[PDB]
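In: Would you be able to build a 3D model of this:
(chains A, B, C, D, E, F, G, H, I and J, ligands or ions: 6)
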Amino acid sequence: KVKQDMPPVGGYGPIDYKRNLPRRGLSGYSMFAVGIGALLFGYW
Amino acid sequence: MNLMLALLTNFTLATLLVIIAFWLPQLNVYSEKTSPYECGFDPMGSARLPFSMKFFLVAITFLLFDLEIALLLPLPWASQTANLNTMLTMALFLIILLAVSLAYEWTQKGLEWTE
Amino acid sequence: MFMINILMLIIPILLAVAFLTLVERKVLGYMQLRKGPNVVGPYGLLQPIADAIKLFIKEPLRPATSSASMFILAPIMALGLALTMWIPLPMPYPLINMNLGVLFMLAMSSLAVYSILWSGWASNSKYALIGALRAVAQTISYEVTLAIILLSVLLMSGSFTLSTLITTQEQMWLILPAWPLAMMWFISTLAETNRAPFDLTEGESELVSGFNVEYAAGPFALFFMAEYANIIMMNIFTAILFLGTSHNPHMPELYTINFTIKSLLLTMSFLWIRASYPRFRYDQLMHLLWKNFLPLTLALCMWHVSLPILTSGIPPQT
Amino acid sequence: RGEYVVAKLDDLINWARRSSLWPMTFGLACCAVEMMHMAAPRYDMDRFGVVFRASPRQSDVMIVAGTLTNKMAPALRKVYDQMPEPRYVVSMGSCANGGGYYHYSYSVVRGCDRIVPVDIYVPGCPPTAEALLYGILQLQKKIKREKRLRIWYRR
Amino acid sequence: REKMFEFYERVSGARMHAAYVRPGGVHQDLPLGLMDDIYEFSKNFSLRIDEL
Amino acid sequence: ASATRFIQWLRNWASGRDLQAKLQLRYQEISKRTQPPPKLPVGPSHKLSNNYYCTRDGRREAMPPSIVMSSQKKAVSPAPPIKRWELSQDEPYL
Amino acid sequence: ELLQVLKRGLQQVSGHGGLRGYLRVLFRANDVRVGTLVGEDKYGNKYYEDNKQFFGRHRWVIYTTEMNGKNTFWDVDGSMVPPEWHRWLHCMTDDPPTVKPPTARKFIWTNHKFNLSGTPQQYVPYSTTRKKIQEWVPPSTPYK
Amino acid sequence: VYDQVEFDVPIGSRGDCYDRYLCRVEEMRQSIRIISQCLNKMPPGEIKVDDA
Amino acid sequence: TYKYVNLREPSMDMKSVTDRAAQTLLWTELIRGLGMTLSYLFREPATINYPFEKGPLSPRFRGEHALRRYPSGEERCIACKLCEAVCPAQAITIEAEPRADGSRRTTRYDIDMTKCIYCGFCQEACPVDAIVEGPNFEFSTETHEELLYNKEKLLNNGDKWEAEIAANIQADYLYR
Amino acid sequence: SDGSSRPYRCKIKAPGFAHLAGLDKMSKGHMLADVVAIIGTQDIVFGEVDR
Ligand SMILES: CCCCCCCCCCCCCCCCCC(=O)OC[C@H](COP(=O)(O)OCCN)OC(=O)CCCCCCCCCCCCCCCCC
Ligand SMILES: CCCCCCCCCCCCO[C@@H]1O[C@H](CO)[C@@H](O[C@H]2O[C@H](CO)[C@@H](O)[C@H](O)[C@H]2O)[C@H](O)[C@H]1O
Ligand SMILES: CCCCCCCCCCCCO[C@@H]1O[C@H](CO)[C@@H](O[C@H]2O[C@H](CO)[C@@H](O)[C@H](O)[C@H]2O)[C@H](O)[C@H]1O
Ligand code: SF4
Ligand code: SF4
Ligand code: SF4
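Out: Numbers count the residues shown, from 1 in each chain, chains lettered A, B, ... in the order given. Ligands and ions are numbered 1, 2, ... in the order given. Take a look at the structure below.
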């Protein structure tokens, strides 16, 4: 019987390609509030 | 004397290292070696030719703004005055006027480089 | 006994600089999924020595068109002034205690620019000239902002003495009340030291080597040594300014340990930043400083003048 | 003994020179891609102390990586001449070695050794990045064999 | 890219100048187990693009 | 593959990805370097009959160019206008 | 897990026959990993593998300190690997010559040789053909 | 056999370097998309024209 | 089908405008880029320890040339000159004549390794597997002349590398 | 082709040849460091440009 390089019986598993940049981090309100809170503690 | 000794030592050591660098290695001088570098081809014209300055206006402004910091540096000492009403007004007056000139130069396109 | 103290300053600086080059190569290597120097000595520990010896037995070249005196003067001045930036640094005691130590550093930093200007001009070469004029532009970009930032911070310290910054930060790091200034300061020191993403006077991918394209062997090494000595010095300056270490007079070595760790970590971030970003275009550097930092630095200078007065927290003059 | 001292001093300078080889950022054609692969993470030439630098003034080695044409020949000689000494040349690939597959071309220099002296010849079209790395290590061992101060002593 | 030269070398014996595609088809057939390796390479590459 | 748990968490957190599932260094998932021998198929011309080369000779079917005009009604274009492309349903906007 | 890491590091000193052998490999090969010995060739090279290392680092050779009368304690190069182990080391095969020995021929070199360039026993090219035109030889006696 | 694989052509809007950078990056993802189809659709048979 | 790489309209609600304000002032997208190079610092690097470790190759690798023999020790080459005819670089030079016995054998067989493009057409063209490209790629020399191989050098290469060469042909000849 | 086993003429059309010819057009009004970016965006390899 012929034996040459072929893909598996049901094909290969799924391959990702779409862009994926996960969304991370806090909101603008939260980050500004932390910074202003740090300033006020420092001033005091 | 401490400071002058420190300055003399710093630059002496630097000079000594240059002297070693020039007198210790084997030299082989010829015309092609010491010719000016320009990526393998001979330079077109002299490197002393005029080089246009596109930020000429910002450079002149730097002069006027650099003198402001000389006027603002004494502020930590000025905060020790009893007459705090006057200093705070005049301290803020100077900075605001410095900000006004920046706003004027910005809006009039002085910060953009010429073409 | 003072000359011995001077030598216990210069010699470690040069050795610290030499092994900073190894650390930079390794850190960039691992951040780039490679190893970096690991053959010359164990873990590449002897790589700096090989580079130093190699460079000083390499033939130095005086270009045929160069101005000989300024060509030789410029590298001497670069290293000489680099070592002079360390003499007022309190670690925790300075070699030279100066009333206006902060101002002394501004003067010496401004004078160190001319080592770029005169080396580039004296070379009499077009890539060296372009690199030199980028130094003019880059100095025009940052110094005005850089001195005003120091002024805002010193309005809380109360003097230009560097050792007073230690006393000011006995209860707390100044980075809390002045983190907006710390950010703009940190970026300024990158431009001040000609470091990526502001590595424009040498600008390798655009100007081949910029202001020092014609320098070889020992003279080249001096510029390299000066450049890396200023990386460390300006990160030490940042640690003193914003991350003050507590000083116990009877155990000063504890200060020097904690102080050294902070300065090392700040120095690592320069390598970390170099591995992470592309390069500014040198006109974009000017507009960064003049249109973003300067408007905010001017506003914050007003704020830090008023704030001690309105909160009744003016620092002592002494 | 002077003989012992100069023998040791050669070891010192030879070790420094072979341990800190800085090739000129210089590549001509296909073979420059394999040179880029030698700098890449798998081989990481930098781990040997081999650092690319653009300026000829700050370079120790010229790797001639690709075809040298007649139009490019003066430029290659110019940047070689502008290297401070000691300087070495590595000829990489068939084109630089002896003209290769454009050997009979009217516009091609039949080997870069017509223009510069060559220390190591690396065969291949292109040599694998590992073949080039073998060539660089062969240059290091050549430098390790230099007897400059021993020969000076016996002059 | 180094991993992709390995695919070149495994079908042609040369990392770069394969001379593999010729008028009439290709020079040699895929070696056994090569498509499995290409699939392993492909399954992770999109993550590398994201890092870029 | 040998990184400790803490370093795995640190570098996973720093990159925002799960790096361990898509490691860029290859391990045991790749093919063996010794493979069983192939037995490759033969092409369609491997026949013992009904296989005269003159009936499958591509080169000898190539003809010299057809002369349309030699220097010895509705207008036309070289081909119909190209149909307009459609937006991807996969992801029209990156 | 940090202590476990340090114990692996300490086990490498013992795995290399003490600190002297550990320093020997660290300075010769700039690596101190301990692998499974696969075999040794007649020139003294030692071949190791570790299949938990990523592909490329899972096999390696520790070159002999002496080969063919040449001191190779510090001077080693890839051309010291004999052909039988060359195939295994470059992953052209899975089987070492210990398990799958090569086919023996009378004409195959019994003693492998490394790169001889730059030595008195380097290769020197020459034409392998004989003279093509024979020149007439005048008579050895006078007659004129 | 390019008429047998599905892929999208990236298109820029501003005609500058940044849009061409994005086009090339997205083209790499489409190449991975095509490669995935080539592995699954690879047919058997010979590899050069059976015409000696 | 096509897709747009850069055709976005950004949100103008207060939350989205403040999220961009925080990004501009707090350099959030620049910090995100530091995290990615930090994550590589703690990855195991891809460097191998050459020359103690070697890059993987396959049986098809095209390296240094060699002239092979039959098991009896007779040369395989019959001076047919097919390798010389196909050589894209004209790197092979051959002369031949009847040996002292009646055999058809070469008297000259040169390969200019600085003309060769290591393409492998010669071993494809050879009808008797006489000329092969072997697995050796570590034969850089100090002189140009050392790369102009005559018949003695190539026969020595075959005698030197036959053990590996025969095994590589054994792995690949059913693909040929 | 002229009917024989050796091509009569083979003109190679390299995309980078046209693209590089347009470098002067694309660089109008830009600075030195932008020309570095513009060269890269064209994706030039001089093997095909020069042949
Ligand atoms: C209660 C009253 C209180 C009053 C005070 C309250 C005020 C608090 C909030 C004020 C704002 C805080 C931030 C101010 C810092 C300066 C921010 C800034 O200017 O960044 C914007 C700048 C411009 O970039 P761009 O977005 O292109 O242009 C904008 C439109 N033209 O973009 C940049 O600067 C980017 C710089 C690029 C180079 C960065 C390379 C390094 C990045 C990592 C650094 C990490 C920082 C670590 C700092 C160390 C601290 C020692
Ligand atoms: C020792 C120091 C350790 C430093 C470690 C560095 C890694 C830190 C990872 C945190 C990620 C950065 O910070 C966080 O991520 C992204 C960065 O743009 C921001 O989120 C933003 O990202 C992108 C924009 O580029 C978009 O998804 C969106 O516009 C916005 O949500 C978050 O508002 C911020 O809070
Ligand atoms: C007292 C200290 C604090 C006070 C701040 C002092 C600095 C004030 C800065 C100038 C403000 C007005 O001046 C300036 O005018 C121009 C118009 O050409 C505005 O707008 C212009 O510049 C900005 C940035 O270059 C461009 O994005 C915009 O395309 C353009 O319209 C600026 O956004 C504004 O900053
Ligand atoms: S030797 Fe081969 S790979 Fe190198 S430049 Fe010439 S043709 Fe290209
Ligand atoms: S590999 Fe190619 S170029 Fe080299 S000798 Fe064989 S046919 Fe000629
Ligand atoms: S090596 Fe092979 S192809 Fe070349 S002449 Fe000899 S038998 Fe013919």
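In: so which residue of chain F comes closest to chain C?
Out: Closest to chain C within chain F is residue F:24: 7.6 Å, counting by C-beta to the nearest C-beta. From N, CA and C alone the C-beta is placed, and that goes for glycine too.
In: That residue against residue E:44, yeah?
Out: Yes - proximity of residue F:24 to residue E:44 meets the contact threshold set by C-beta atoms under 8 Å, at 6.5 Å.
In: Number of residues surrounding the closest residue to residue D:24 other than its chain neighbours?
Out: If the residues on either side of it in the chain are set aside, residue D:24 comes closest to residue D:59, at 3.9 Å by C-beta to C-beta, 6 or more residues apart in numbering or on different chains. Neighbourhood size, residue D:59 [other C-beta atoms under 10 Å in any protein chain shown]: 26.
In: next one: residue H:47
Out: Around residue H:47 sit 16 other residues, with neighbours defined as other C-beta under 10 Å.
In: about what we covered before: ramachandran coordinates for the residue of chain F closest to chain C?
Out: Dihedral angles of residue F:24 (phi, psi; degrees, to the nearest 10) stand at phi -80, psi -10.
In: what about it, distance to residue F:17?
Out: Taking C-beta to C-beta, to the nearest Å as the measure, residue F:24 falls 12 Å from residue F:17.
In: Output the contacting helices and strands for the strand ranked longest in chain I.
Out: The longest strand of chain I (DSSP state E) is strand I:104-112. Counting contacts by 3 or more C-beta pairs under 8 Å, 6 or more residues apart in numbering or on different chains; DSSP states H and E, strand I:104-112 packs against strand I:92-98, strand I:148-149, helix I:151-172.
In: Could you dump the ones you listed into a markdown table with distance to residue D:2 added?
Out: What follows is the helices and strands packed on strand I:104-112, written out as a markdown table (distance: least, C-beta to C-beta, whole Å):
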| stretch | distance to residue D:2 |
| --- | --- |
| strand I:92-98 | 53 |
| strand I:148-149 | 43 |
| helix I:151-172 | 43 |
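In: Which of the ones you listed has the highest mean neighbour count?
Out: Highest mean neighbour count among the helices and strands packed on strand I:104-112 (mean count of other C-beta atoms under 10 Å in any protein chain shown): strand I:148-149, with a mean of 23.
In: That one close to ligand 5?
Out: No - using C-beta under 6 Å from any ligand atom, strand I:148-149 never reaches ligand 5; the gap is at least 9.8 Å.
In: Quick check: longest helix in chain D by residues?
Out: What stands out as the longest helix in chain D, according to DSSP state H, is helix D:2-19.
In: how many neighbours does residue A:41 have?
Out: 11.
In: Buried residues in the host helix or strand of it, which are they?
Out: Assigned by DSSP states H and E, residue A:41 falls within helix A:28-43. The neighbour-count check on helix A:28-43 (16 or more other C-beta atoms under 10 Å in any protein chain shown) flags A:28, A:31-32, A:39, A:42 as buried.
In: now stretch C:11-28
Out: Residues of stretch C:11-28 classed as buried by neighbour count (16+ other C-beta under 10 Å): C:13-14, C:16-18, C:20-28.
In: and which of those residues is nearest to chain B?
Out: Out of the buried residues of stretch C:11-28, the member with the shortest distance to chain B (by C-beta to the nearest C-beta) is residue C:14, at 8.9 Å.
In: which helix of chain G spans the most residues?
Out: Under DSSP H, chain G gives helix G:2-15 as its longest helix.
In: Any chance you could give me it in PDB, C-alpha atoms only?
Out: The C-alpha coordinates for helix G:2-15 follow below in PDB (Å, rounded to 0.1, in the frame of the first residue of the first chain):
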ATOM      1  CA  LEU G   2      13.000  27.800  45.600                       C
ATOM      2  CA  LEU G   3      14.700  25.200  47.800                       C
ATOM      3  CA  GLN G   4      14.000  22.500  45.200                       C
ATOM      4  CA  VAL G   5      15.600  24.700  42.600                       C
ATOM      5  CA  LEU G   6      18.800  25.000  44.800                       C
ATOM      6  CA  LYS G   7      18.900  21.300  45.400                       C
ATOM      7  CA  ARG G   8      18.900  20.700  41.600                       C
ATOM      8  CA  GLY G   9      21.800  23.100  41.400                       C
ATOM      9  CA  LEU G  10      23.700  21.300  44.200                       C
ATOM     10  CA  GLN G  11      23.000  17.900  42.600                       C
ATOM     11  CA  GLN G  12      24.800  19.200  39.500                       C
ATOM     12  CA  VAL G  13      28.100  19.500  41.500                       C
ATOM     13  CA  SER G  14      27.800  15.800  42.700                       C
ATOM     14  CA  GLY G  15      26.600  14.700  39.200                       C
END
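In: Flag every buried residue along that helix.
Out: Buried, per 16+ other C-beta under 10 Å, within helix G:2-15: residue G:13.
In: contacts for that helix?
Out: For helix G:2-15, contacts defined as C-beta atoms under 8 Å, 6 or more residues apart in numbering or on different chains pick out F:4, G:19, G:22, G:32-34.
In: Mind doing that once more with 7 Å?
Out: With C-beta atoms under 7 Å, 6 or more residues apart in numbering or on different chains as the test, helix G:2-15 has contacts from F:4, G:19, G:22, G:32, G:34.
In: Same check on stretch B:9-23?
Out: Stretch B:9-23 has contacts (C-beta under 7 Å, 6+ apart) with C:6, C:10, C:56, C:60, C:72, C:75-76, C:79-80, C:83-84, C:217-219, C:222.
In: got the contact list for whichever residue of chain D sits closest to ligand 2?
Out: Nearest residue of chain D to ligand 2, counting by C-beta to the nearest ligand atom: residue D:41, 22.2 Å away. Applying C-beta under 7 Å, 6+ apart, we find residue D:41 in contact with C:32-34, I:45-47.
In: quick one on the thing from earlier: residues contacting the residue of chain F closest to chain C?
Out: Applying C-beta under 7 Å, 6+ apart to residue F:24 gives the contacts E:44, E:48.
In: Quick check: it vs residue C:33, distance?
Out: 8 Å.
In: which SS class is residue I:59?
Out: Assigned state for residue I:59: coil (three-state reduction, DSSP: H, G, I helix; E, B strand; the rest coil).
In: just residue C:19 next, same as before
Out: Following three-state DSSP, residue C:19 is assigned to helix.
In: right, and it touches residue C:48 too?
Out: Yes - between residue C:19 and residue C:48 there is a contact at 5.6 Å, judged by C-beta atoms under 7 Å.
In: Chain D: helices as residue ranges?
Out: Under DSSP H, chain D gives helices at D:2-19, D:31-39, D:73-81, D:93-98, D:129-144, D:148-153.
In: Can you lay out those as TSV showing mean neighbour count and distance to residue B:15?
Out: As requested, these are exported to TSV (neighbours: other C-beta atoms under 10 Å in any protein chain shown; distance: least, C-beta to C-beta, whole Å):
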stretch	mean neighbour count	distance to residue B:15
helix D:2-19	16	23
helix D:31-39	22	37
helix D:73-81	18	30
helix D:93-98	30	43
helix D:129-144	22	31
helix D:148-153	14	27
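In: Same list, those helices, but as JSON lines with distance to ligand 2 please.
Out: Shown next, in JSON lines, are those (distance: least, C-beta to the nearest ligand atom, whole Å):
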{"stretch": "helix D:2-19", "distance to ligand 2": "34"}
{"stretch": "helix D:31-39", "distance to ligand 2": "27"}
{"stretch": "helix D:73-81", "distance to ligand 2": "42"}
{"stretch": "helix D:93-98", "distance to ligand 2": "43"}
{"stretch": "helix D:129-144", "distance to ligand 2": "33"}
{"stretch": "helix D:148-153", "distance to ligand 2": "49"}
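In: Sounds good, over and out.
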